Each structure stands twice: as structure tokens, then as C-alpha cells.
Amino acid sequence: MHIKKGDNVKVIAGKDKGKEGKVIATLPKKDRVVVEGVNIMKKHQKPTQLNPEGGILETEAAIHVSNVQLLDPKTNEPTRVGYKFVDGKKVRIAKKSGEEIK
Amino acid sequence: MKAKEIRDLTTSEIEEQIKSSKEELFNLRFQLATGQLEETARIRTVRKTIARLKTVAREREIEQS
Amino acid sequence: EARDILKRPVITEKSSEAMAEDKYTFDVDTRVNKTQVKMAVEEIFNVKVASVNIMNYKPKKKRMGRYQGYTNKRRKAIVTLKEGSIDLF
Amino acid sequence: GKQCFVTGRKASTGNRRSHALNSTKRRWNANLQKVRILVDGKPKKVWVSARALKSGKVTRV
RNA sequence: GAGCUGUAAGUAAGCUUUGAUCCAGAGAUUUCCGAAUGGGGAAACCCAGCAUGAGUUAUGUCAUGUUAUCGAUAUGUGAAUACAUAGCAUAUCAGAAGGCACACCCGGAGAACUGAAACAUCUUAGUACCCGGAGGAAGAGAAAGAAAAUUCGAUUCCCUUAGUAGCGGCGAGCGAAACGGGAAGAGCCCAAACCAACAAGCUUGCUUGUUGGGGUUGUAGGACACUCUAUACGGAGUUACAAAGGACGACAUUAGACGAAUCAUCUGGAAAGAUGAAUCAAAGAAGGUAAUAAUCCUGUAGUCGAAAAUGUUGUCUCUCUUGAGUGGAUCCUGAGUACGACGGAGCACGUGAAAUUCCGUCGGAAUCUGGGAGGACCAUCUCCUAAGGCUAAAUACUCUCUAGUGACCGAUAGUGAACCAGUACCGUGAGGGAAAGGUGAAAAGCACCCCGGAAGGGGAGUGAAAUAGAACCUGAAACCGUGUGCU
RNA sequence: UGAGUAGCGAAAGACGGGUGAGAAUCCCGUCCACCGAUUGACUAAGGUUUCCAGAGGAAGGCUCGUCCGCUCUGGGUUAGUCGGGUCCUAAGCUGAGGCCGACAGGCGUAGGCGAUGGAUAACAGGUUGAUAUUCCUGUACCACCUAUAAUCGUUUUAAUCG
RNA sequence: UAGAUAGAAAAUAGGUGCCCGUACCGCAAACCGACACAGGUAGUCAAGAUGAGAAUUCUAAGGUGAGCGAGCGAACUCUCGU
Ligand SMILES: [Mg+2]
Ligand SMILES: [Mg+2]
Ligand SMILES: [Mg+2]
Ligand SMILES: [Mg+2]
Ligand SMILES: [Mg+2]
Ligand SMILES: [Mg+2]
Ligand SMILES: [Mg+2]
Ligand SMILES: [Mg+2]
Ligand SMILES: [Mg+2]
Ligand SMILES: [Mg+2]
Ligand SMILES: [Mg+2]
Ligand SMILES: [Mg+2]
Ligand SMILES: [Mg+2]
Ligand SMILES: [Mg+2]
Ligand SMILES: [Mg+2]
Ligand SMILES: [Mg+2]
Ligand SMILES: [Mg+2]
Ligand SMILES: [Mg+2]
Ligand SMILES: [Mg+2]
Ligand SMILES: [Mg+2]
Ligand SMILES: [Mg+2]
Ligand SMILES: [Mg+2]
Ligand SMILES: [Mg+2]
Ligand SMILES: [Mg+2]
Ligand SMILES: [Mg+2]
Ligand SMILES: [Mg+2]
Ligand SMILES: [Mg+2]
Ligand SMILES: [Mg+2]
Ligand SMILES: [Mg+2]
Ligand SMILES: [Mg+2]
Ligand SMILES: [Mg+2]
Ligand SMILES: [Mg+2]
Ligand SMILES: [Mg+2]
Ligand SMILES: [Mg+2]
Ligand SMILES: [Mg+2]
């Protein structure tokens with residue numbers, strides 16, 4: 001996917017539209033990603049499980065990768081990504097500024 | 001153990017390594033049966049090591065012909 | 001090939017009583033004979049084998065959900081040692 | 001599996017026809033005769049048709 | 001190029017930027033049964049020989065290789081029976097076997113219901129089934145052709161001729177071909193005469209046989225005799241015309257890479273919708289994304305890309321290879337053949353006036369001043385030159401792979417089978433043969449409390465919705481209940 | 001719908017004590033009754049895990065169910081001598097060559113296969129929840145192998161094998 | 001016997017001896033009968049009293065009380081006694 005673990009992304013669709021956060025996990029086979037503070041779910045945790053304490057646990061749920069957009073390193077605006085070849089190595093380029101993302 | 005190390009080993013060393021790996025795998029299987037093996041991935045590791053050793057031995061005895 | 005003849009030890013109540021009697025129970029390759037079992041045990045555990053009894057166990061029907069099948073057939077040997085001992089643990 | 005050893009002459013199929021033109025299957029068999037001829041330079045009793053024997057074209061020995 | 005150890009969640013233990021998983025080419029491994037092939041056998045099992053090796057004091061035990069049958073080619077031995085012929089023994093062979101794509105092709109054998117308003121000739125039909133043989137196509141094929149002129153010039157296939165000409169208890173029905181227009185096109189090799197070498201009979205006359213050369217036809221050709229032409233100059237070729245290779249190059253297939261352009265607000269759980277204002281387009285195909293997106297993702301147009309294997313091609317190489325004319329003295333030009341009679345069959349053609357073509361049985365030519373055909377037959381004329389062989393393409397079909405298409409189905413439809421289906425189940429067996437899809441955007445799959453043994457439920461919570469809570473979208477009718485206005 | 005209807009598949013139970021949320025139906029006890037050339041004990045086919053232990057009660061069980069030939073979890077079958085193979089053959093099957101036959105294939109010789117028959121060395125006792133002529137104890141037998149051997153042989157042999 | 005070959009072994013001691021089956025039901029609720037079905041299913045053993053007996057009745061060894069019950073004690077049907 002064009003989004004990668006550790007990237008800083010902006011949510012462009014969903015309840016969290018407009019939020020920014022770090023990509024902390026990707027699910028390539030589902031085309032989904034997990035972004036900090038985005039798409040919080042409240043799951044019912046039984047205290048009877050291997051974890052003694054239980055209740056309602058709040059954690060991020062995966063979001064579809066097409067709902068997050070990379071932020072341009074220069075302008076900090078959401079941008080699509082192209083690829084250049086520098087000394088035979090692929091480099092992700094922001095299509096707004098033209099700068100290497102990483 | 002990987003194919004490069006196996007290809008540095010000599011034929012006699014390949015055979016001895018196969019013997020020792022088989023003995024190791026056998027002890028691992030016995031520990032697993034008796035319930036004393038927590039690190040179960042060693043079994044697969046050793047099985048694939050044996051497979052690689054036999055691959056390389058066969059390659060050598062093929063290129064000889 | 002001895003490590004292939006012997007597959008694993010059998011640990012059950014009857015097998016433990018046998019071990020008290022100096023009889024060790026193993027699952028073995030379904031194709032081998034009593035003599036091969038004896039030689040494999042003697043080579044692996046450096047013991048003297050007094051005798052080997054052997055038996056076959058049919059595949060047993062087993063169910064998991066809506067899927068019907070069978071367990072593997074088994075060949076079980078009981079090796080009575082003449083001299084020495086085997087420590088499985 | 002009976003045919004002329006020399007020419008391959010064998011039976012064929014056709015019809016017996018009545019005056020009312022009713023049809024029933026029949027065969028025309030070859031006029032095969034068991035004779036001793038030279039096969040691979042050695043005598044051998046084989047089936048040969050009378051026509052293959054005609055005019056002494058097959059040597060009986 | 002960052003995750004990964006399948007369905008398949010879980011736990012555990014782990015792997016991985018020193019490049020996992022994953023994708024493509026190549027290779028290694030590949031138990032047992034099965035043609036199954038050491039022998040046997042009620043498939044997936046049992047029991048051996050031989051050689052070599054492991055183990056044991058030794059036996060027992062084990063490992064690897066090999067050992068079926070037939071065929072062919074060699075070697076040895078060799079009965080009745082003398083010579084040697086059965087036979088026997090050994091060695092070699094990528095020799096055969098068996099399967100299937102319920103298709104297409106060729107051949108052997110070959111129904112019946114049915115139609116004829118009955119039924120026997122006839123029809124169904126040379127169909128179904130069975131059997132053998134294939135090939136990627138098969139079959140056919142370079143005139144003993146079609147014809148009747150200004151003749152054409154192998155075969156196959158399409159249109160037409162034409163439901164014509166004919167056939168037919170002249171019933172039911174069956175039903176051409178030539179001409180003309182098209183697709184595709186390609187032509188060759190033997191037998192014989194004759195020459196040379198070799199071997200047998202030993203006229204040791206010159207007869208027979210093998211090999212090579214020569215030769216291939218209707219405008220008659222060839223041998224033979226003579227005259228030119230050349231020793232690969234030229235020409236041809238592994239699709240026939242003889243048959244194996246090699247080098248280099250190109251293209252294609254089997255992974256991939258790059259690939260333009262959108263923001264804001266409103267409603268809403270969510271925007272792609274609406275509104276406003278923009279942008280790309282060789283890209284407005286399509287799918288996905290929390291509703292309907294050219295500009296969010298995967299893509300699309302366009303361009304690029306291969307270590308390796310495979311396929312098709314081009315040039316070199318390689319291999320093979322003479323080509324014409326004149327003459328009419330002699331010679332050759334396919335024999336138990338053509339053909340005839342009887343009995344059958346095939347020809348659209350049912351025996352008919354029945355040519356043309358095949359099978360069985362019996363008889364049986366001619367030899368270029370020859371032989372066959374023009375629908376009995378004869379003459380004339382005209383056209384061909386049988387009784388040997390090969391041959392691509394245009395045609396047929398689809399188990400299969402790749403990319404696509406549909407005024408085709410949308411869960412009683414569409415495959416029998418959207419789902420763990422040729423399953424469950426039924427049958428001794430051949431065989432017959434189902435039912436069964438949908439939570440939600442996300443599992444956020446209901447912590448906790450309460451009644452209850454549990455099941456089940458009431459709250460609470462998640463969620464837009466639980467009135468979406470597990471065959472969980474919607475949820476008709478039959479049918480079953482509770483309450484009630486009028487009766 | 002028929003309808004809370006027919007039926008619930010040969011029979012003798014009673015009570016006490018347990019267990020349990022729940023008991024005519026499960027466990028234990030006493031008494032009673034039934035078969036007893038047998039409803040008892042083996043065992044060949046056939047079945048194929050139904051066997052044992054622990055747990056369960058949705059469905060199955062013609063009621064109930066705490067129970068079960070059901071569900072879940074884990075177990076259980078031990079052989080030189082028992083039966084079969086490494087022995088034999090009957091009927092039958094198969095069948096190298098072979099004979100016959102449109103094809104397919106049919107028949108058949110040698111030779112194989114093939115028990116329902118022939119041959120063939122182990123018995124008593126003890127033992128588990130579940131195996132026992134199989135495990136254990138005691139005491140045997142059979143085939144074979146190795147070493148030492150009273151004795152006999154030593155190339156027409158003469159001991160020995162056949 | 002044809003054949004074979006220096007060597008043979010009464011005894012003593014020691015050792016070796018594979019594969020398949022083996023659970024359980026098996027006149028039955030586990031087999032053939034769609035069923036936890038009054039049917040069918042080869043062979044073996046089979047005590048006492050009585051008796052000719054493997055008949056008869058009652059018992060032994062051993063096993064079993066049968067997978068709906070509780071009442072009532074009409075017609076009628078069935079099985080049985082007078
Ligand atoms: Mg056994
Ligand atoms: Mg075999
Ligand atoms: Mg009719
Ligand atoms: Mg009619
Ligand atoms: Mg052809
Ligand atoms: Mg008439
Ligand atoms: Mg060629
Ligand atoms: Mg891209
Ligand atoms: Mg928007
Ligand atoms: Mg794009
Ligand atoms: Mg005729
Ligand atoms: Mg004529
Ligand atoms: Mg003629
Ligand atoms: Mg005419
Ligand atoms: Mg002419
Ligand atoms: Mg062709
Ligand atoms: Mg529907
Ligand atoms: Mg269907
Ligand atoms: Mg369906
Ligand atoms: Mg619904
Ligand atoms: Mg009532
Ligand atoms: Mg009534
Ligand atoms: Mg009534
Ligand atoms: Mg009633
Ligand atoms: Mg009852
Ligand atoms: Mg039980
Ligand atoms: Mg019930
Ligand atoms: Mg034969
Ligand atoms: Mg018997
Ligand atoms: Mg028992
Ligand atoms: Mg047993
Ligand atoms: Mg038993
Ligand atoms: Mg019945
Ligand atoms: Mg009987
Ligand atoms: Mg009696």
C-alpha cells in the first residue's frame with residue numbers, strides 16, 4: 001500500500017475526517033490501517049479472561065486505507081504519492097511539493 | 001542452518017550434521033510427547049535444516065555425475 | 001533409522017503401571033516389525049531388551065463440527081527391558 | 001481371426017434377400033484351405049484361399 | 001519491499017529490511033496402490049529369489065538395486081532325427097502395454113420404438129450402442145477426371161444449381177451432380193525397360209537374386225542412340241518432393257514497474273449525493289472505499305521491463321542436388337490384374353434399360369495398330385492412361401489456458417452442485433441422487449447487575465439501527481395466539 | 001384438519017435408603033417374581049469402537065431421566081505354541097505357449113490361486129476399570145543358530161545327506 | 001535308490017524365533033429385517049428332583065423384571081376358566 005507503518009496521515013473520510021495521526025499498523029490483505037486516536041471502538045472485555053480486570057476497553061480499529069491521505073512534508077497538506085528512481089531505488093514523492101516523503 | 005553454510009561443509013560433515021540434527025529432532029519429539037517442550041518452533045527449524053542438508057548432498061552427488 | 005522406528009512414548013495409566021513393571025510403551029512406525037523395534041530401542045537407549053510385544057490400533061472415528069474423519073492408525077510396542085532403564089523425563 | 005495367409009482374403013458381411021426382399025444379415029466366407037507352405041523358409045500349415053492357390057502361385061511344401 | 005507461519009478464529013513458540021511471507025522460471029524430493037511388471041492378492045496388502053551392504057558370536061532382522069509378459073535384434077545350446085528345425089538359455093531396447101475430451105475423424109459390426117395414419121418392400125438409419133485405429137486435425141488428392149467449347153486442368157470446404165434431375169408398395173418418403181461464383185492453393189516419389197558391382201546355379205552359355213545408378217508419362221513418356229549443358233556455377237530442403245545439426249538475431253509467452261487531475265460546505269453514522277468553485281483526459285473501461293467518485297484506493301490510456309525456460313521466426317551455416325534437345329529400329333510403361341457369371345453391397349438411383357464402384361465364389365484379357373470413359377450396347381468422335389506410394393492450406397471439434405463479450409440466470413432461476421456435491425442418502429451392484437447463500441461500514445459479537453441448574457429472558461452497554469444478537473437484510477400468505485367495538 | 005384423538009411393540013413388582021434443581025423410571029439394599037436344552041456360558045459370520053473411566057442432558061430413547069448402545073474428554077486389544085500367512089490340496093477361478101473366433105473376446109495345456117477338509121510345538125494358576133492359553137508366576141514343548149562334545153567317518157567310499 | 005561329500009552328534013551350555021487378528025455385541029437394543037422391530041441367524045457346553053427322554057412341572061449355575069405409568073373395574077372386541 002501507499003501508506004506505511006509510521007507515516008503521518010490525515011483522515012479524509014469518516015467520523016474522524018480532519019484528524020491527523022500516526023500509522024501504527026497495516027493490514028495489507030484487507031487494505032486497512034490503524035491510526036492513533038482514530039476510529040475508537042469500545043469493546044466489552046470480560047474480567048474472567050486471562051486478564052483479571054475487565055470492562056469496556058477503548059482501542060483504535062482499522063480504517064480503510066483509501067480514507068487516509070499522506071501529509072505533504074513541506075506544506076503539510078494532504079497529497080497523493082508518486083515514485084521516482086534515485087540510483088536504482090524507489091523513492092516516494094509527494095505530488096504537491098515533489099519532496100521525498102521519508 | 002542455511003544453504004551457504006551447508007555448501008561450505010564437506011560431504012562427511014553434511015552426513016554427520018544430518019545424524020546430529022536427526023538425533024536433536026528425536027529428542028525434541030520425545031520432550032514434546034512427555035510435555036516438557038515449550039519452545040516448539042525448534043522442531044520445524046531442525047526439520048528444515050535436515051531438508052537443506054539433504055538437498056545440498058543430493059546436489060553434490062548429482063553434479064558428480 | 002531407529003529414530004524413525006520409534007515415534008514417541010505413550011504416557012497413560014496402564015503405561016505407567018507397565019513402566020513400574022519395567023515395560024516401556026511406544027508408538028512406532030506402522031510398517032516396522034518387532035525385531036526392528038527391539039534394535040531401535042537398544043540403539044537409542046543403550047539398554048538390553050528382554051522382549052517386545054506389539055499391537056495395531058485401527059483408525060478411530062473422530063468428529064469436529066460437521067466434519068467427520070479418522071485418527072491415524074497406530075502401532076504400539078511394549079518393550080520389556082532385561083538390563084538397564086529408560087528415563088523419559 | 002481367420003483369413004488368407006497370402007492375400008488377407010477374409011469374410012465380409014451382407015444380406016440374404018428373400019423373394020419379398022426381406023433382409024437378414026449373412027456373411028461371405030473365403031474359400032480357405034489348410035495347406036503346408038514355406039513360411040520364413042520353414043514348412044507351416046496355414047489358411048490359404050483357393051484363389052491364392054490357383055495357378056500354382058503358392059508353393060505347397 | 002514489510003510484514004509473515006493457508007482455510008481458521010485461538011493460544012503458544014517463532015520468522016523477517018543480513019529482505020520473511022508472497023509472485024514467475026528452473027531444479028531436488030516425491031511413501032503405498034494403480035497398465036502395475038519378482039510371485040500372490042478380496043487395490044492401497046502379504047510372501048520371495050539373486051547381488052551388494054548393515055547388524056549379530058551365529059541365526060533371526062534390516063537397507064539398496066534387480067527379477068512380469070510379449071515383440072524385435074544378437075549370442076550360445078539344441079529333440080524326435082543326420083544335416084538343423086522345434087525348443088531352450090543369456091544380453092540389449094525411452095519397443096508395446098494403460099488412461100482419456102461423453103468433442104471432432106477413419107474403419108469393423110450394427111438395432112428398435114417410430115413414419116408409411118395397419119404392415120412385410122421402404123422408413124427410422126448406416127442413426128443409437130459396442131469395438132478397433134488415430135491425429136491435432138483426420139479423410140481426400142495431382143485425372144484410366146469433368147465435358148461437348150474460344151473447353152477446363154489434383155484434393156478439400158462455402159454459396160448456388162434445387163427440393164430441380166431422378167429414385168420410390170412411383171406410397172410414405174428419399175434426393176444429386178456438372179456448369180457458374182468463392183476460400184485455399186503445390187506438387188512429387190516409385191515398379192519396369194537399361195547400365196555397373198557382388199553372390200548362387202559353377203556351359204566355367206548366360207539365368208536367378210541383392211545393392212546402386214536410370215526413370216516416371218497422354219502434347220504419349222522413358223530405356224536405347226546421338227548432340228549440348230555441370231561437377232555445385234546455379235537450384236532445393238527437414239510440411240511431401242532425402243535427412244540430421246550448429247551460431248547469431250528478432251519477436252512472443254510465463255513475474256513485474258511507472259502512470260494525470262478536488263477542495264469546501266449541507267444533510268447524515270459515514271459523502272462519492274446536493275450545492276459552490278476548480279482540475280486532468282492518448283486515462284469518462286471497471287471494481288472498491290461507511291450512500292451514487294474521471295481527480296481517495298486498485299486501476300484505465302500510454303510507456304517501460306526478464307536472470308531463467310518455452311514457442312515462432314530471419315540470416316548465416318549445414319545438407320542434398322546437373323539441366324535440355326533430336327531419332328523414331330528394338331525394349332519398358334504395375335496380371336490372377338481389368339473384365340465376365342452368380343450372390344450381396346455402395347452409388348440421390350429400391351435390379352432396373354443400370355453405366356460408374358466394392359466384397360465372396362468360380363472363370364479370365366490386351367500390351368500404344370494397346371487399354372479405360374462419355375449412364376445398357378455398337379460405331380465414329382472426344383477426353384483420359386487403372387490394376388504402386390506420398391503430400392501443406394482452405395474444413396471439423398473444445399477437456400483445456402489467456403483476454404474479453406451478452407436487450408443470458410440471479411438461490412424453486414442459473415450447472416445436479418453459488419454452500420466441504422457427484423457429497424449426504426438409497427441400492428448386492430451397475431446405478432440413482434438431494435437439501436442447504438445474505439449480522440454489521442467496522443466484531444465494535446452484548447463488560448456488569450438480576451431471575452434461572454441450564455435454556456431463556458429483563459436491564460445496562462456497542463452500534464445509525466439489536467425492533468441488525470448468530471441460517472442474525474427484507475420478512476407476504478396459509479396457520480397459531482392475546483385484547484377488544486358491534487353481534 | 002382428523003385430535004389432545006389412535007398408539008406408546010409379548011412380561012411383576014414393592015418398599016427403604018441415597019443422589020439431585022427436579023425421581024414410578026438413576027444408584028444401593030431387602031423381599032418378591034421370571035428363564036433355566038435356558039432370558040445361562042462359549043463361539044463362527046456380520047457389525048466396526050458400540051468396550052472402560054470421568055463428565056453431561058440440547059437432540060436420540062415411543063413417558064421420565066440425575067441414566068444410556070446418545071453427547072464430550074481421556075483411555076483400552078500384548079502370542080514361536082490360539083486362528084490365518086511364511087505348509088497341502090477339493091470344487092471353482094486363473095492360465096505361458098496353444099486352439100477357436102468380424103472386433104471385443106471364448107476355450108484350454110503346463111503352472112498357479114483357492115478351505116468348508118489334511119498337516120501343525122503350552123499348560124495350570126494369578127492379575128486390570130477395560131486384554132489375556134497373548135501380561136506375570138511356575139513348569140514345558142517345537143524349529144533354528146553358536147560353542148564344547150561321549151562316539152563314528154575320512155574319497156568305489158559307506159560315517160553322513162539324499 | 002539315482003545322486004552328493006569328510007565330515008556327522010547322543011548329550012551339555014547359551015542364544016534366536018516375523019506378519020495379520022485379538023476390544024466389545026454376537027437367539028441380539030451392537031448382525032439381516034428403514035426402528036432400542038414378538039421375525040431370521042451355523043456350531044459348542046448344558047446341573048438337581050421326575051422321567052424312557054435334550055419331553056413335562058419346579059429348581060441350580062447364571063441371568064432377568066422387558067423404556068410410559070396411575071386409577072376404575074361400563075358397552076364392545078380380544079385371550080382365558082366355569
Ligand atoms: Mg499380535
Ligand atoms: Mg507386484
Ligand atoms: Mg405404422
Ligand atoms: Mg400410424
Ligand atoms: Mg492425411
Ligand atoms: Mg401399388
Ligand atoms: Mg522430409
Ligand atoms: Mg501505480
Ligand atoms: Mg468530500
Ligand atoms: Mg491514480
Ligand atoms: Mg451383381
Ligand atoms: Mg461402358
Ligand atoms: Mg467398364
Ligand atoms: Mg452415351
Ligand atoms: Mg488428349
Ligand atoms: Mg490438410
Ligand atoms: Mg429470496
Ligand atoms: Mg438442484
Ligand atoms: Mg442449487
Ligand atoms: Mg430478518
Ligand atoms: Mg381426553
Ligand atoms: Mg373423535
Ligand atoms: Mg376413544
Ligand atoms: Mg388409547
Ligand atoms: Mg414396552
Ligand atoms: Mg457402556
Ligand atoms: Mg423424552
Ligand atoms: Mg495367451
Ligand atoms: Mg479350515
Ligand atoms: Mg471383557
Ligand atoms: Mg483378546
Ligand atoms: Mg475377548
Ligand atoms: Mg421392516
Ligand atoms: Mg435354523
Ligand atoms: Mg423343557
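Just so we're on the same page: letters track the sequence lines, and every chain starts at 1.
Note on D/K44: nothing from the nucleic acid sits closer than 4.0 angstrom, heavy atoms only. If you check every strand for non-hydrogen atoms under 4.0 Å, A/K90 touches sugar and phosphate atoms only. At a threshold of 4.0 angstrom between heavy atoms, the contacts of C/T80 with the nucleic acid are absent. In this structure, A/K84 reaches neither bases nor backbone, as no heavy-atom distance under 4.0 Å exists between it and the strands shown. Among the protein residues, C/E17 comes within range of no part of the nucleic acid, since none of its heavy atoms lies under 4.0 Å from any strand. Residue contacts for B/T45: at a heavy-atom cut-off of 4.0 Å it reaches no nucleic acid atom on any strand shown. At the heavy-atom level, C/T12 lies under 4.0 Å from the strands shown only through sugar-phosphate atoms. B/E39 comes within 4.0 angstrom of the backbone, heavy atoms only, and of no base. Residue contacts for A/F85: at a heavy-atom cut-off of 4.0 Å it reaches the sugar-phosphate backbone alone, with no base atom in range. In this structure, D/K42 reaches the sugar-phosphate backbone alone: every heavy-atom distance under 4.0 Å involves primed, P, OP1 or OP2 atoms, never a base. Using a 4.0 Å heavy-atom distance criterion, B/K2 is classed as making no nucleic acid contact. At the heavy-atom level, B/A51 lies nowhere under 4.0 Å from the strands shown. Counting any heavy atom pair closer than 4.0 Å across all strands shown, B/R52 reaches no nucleic acid atom. Among the protein residues, C/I78 comes within range of the nucleic acid bases, having at least one heavy atom under 4.0 Å from a base atom.
Distance CH2 (D/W28) to P (E/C342): 15 Å, rounded to an integer number of Å. A/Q69 has its CD atom 18 Å from the P atom of E/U289, to the nearest Å. A straight line from CE of C/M55 to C1' of F/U134 spans 10 Å, rounded to a whole angstrom. Atom CZ of A/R80 and atom P of E/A294 are 14 Å apart (whole Å).
At E/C62, one or more side-chain N or O atoms of C/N33 fall inside 4.0 Å of OP1 or OP2 (strictly under the cut-off). Note on B/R42: every side-chain N or O is 4.0 Å or more away from OP1 and OP2 of E/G14. An OP1 or OP2 oxygen of E/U61 is reached within less than 4.0 angstrom by no side-chain nitrogen or oxygen of C/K38. In this structure, A/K95 does not reach the E/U295 phosphate: none of its side-chain N or O atoms is under 4.0 Å from OP1 or OP2. Between E/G344 and D/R17, no contact under 4.0 Å exists linking OP1 or OP2 to a side-chain N or O. Side-chain nitrogen and oxygen atoms of D/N29 include none within less than 4.0 Å of the OP1 or OP2 phosphate oxygen of E/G360. Side-chain N/O atoms of C/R63 include one lying less than 4.0 angstrom from OP1 or OP2 on F/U71. Between C/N56 and G/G21 there is a side-chain N or O to OP1 or OP2 distance below 4.0 Å.
Note on B/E23 versus C/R3: salt bridge recorded, some NZ/NE/NH1/NH2 to OD/OE distance being below 4.0 Å. Checked for salt-bridge contact, C/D27 and C/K76 miss the test: no charged N lies under 4.0 Å from a carboxylate O.
Sugar puckers are classed by the sign of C1'-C2'-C3'-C4'; that of E/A411 comes out south, on the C2'-endo side.
Put simply, the side chain of C/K60 and the base of F/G76 share a donor and an acceptor less than 3.5 Å apart. With hydrogens and angles ignored, a donor-acceptor pair under 3.5 angstrom links the side chain of D/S55 to the base of E/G336. The base of E/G364 sits with one of its N or O atoms less than 3.5 Å from a complementary donor or acceptor on the side chain of D/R51. No N or O donor and acceptor, one from the side chain of A/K43 and one from the base of E/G461, sit under 3.5 Å apart. Between the side chain of D/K25 and the base of E/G126, at least one donor-acceptor pair of N or O atoms lies under 3.5 Å. The base of F/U78 lies close enough to the side chain of C/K14 for a donor and an acceptor atom to sit less than 3.5 Å apart. Not a single donor-acceptor contact under 3.5 angstrom links the side-chain atoms of A/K29 to the base of E/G3.
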Can I get a per-line list of side-chain donor-acceptor pairs under 3.5 Å for residues 32-47 of chain A, giving both atom names and the distance, sequence neighbours left out?
unit_1: A/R32; atom_1: NH1; unit_2: A/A62; atom_2: O; d: 3.0
unit_1: A/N39; atom_1: ND2; unit_2: A/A61; atom_2: O; d: 3.1
unit_1: A/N39; atom_1: ND2; unit_2: A/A62; atom_2: O; d: 3.2
unit_1: A/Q45; atom_1: OE1; unit_2: A/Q49; atom_2: NE2; d: 2.7

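A syn base is found at F/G57: its glycosidic angle is within 90° of 0.
Annotation: proximity of residues 44-62 of chain A to RNA chain G (heavy atom, distance under 4.0 Å) is found for no residue.
Take the nearest nucleotide of RNA chain G for C/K34 and for C/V49: the residue whose nucleotide is more 5' is C/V49.
Listed nucleotides E/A290, E/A13, E/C362 differ in distance to D/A50; the shortest reach to its side chain belongs to E/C362.
Only the P atoms considered, E/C122 is 8 Å distant from E/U351, to the nearest whole Å.
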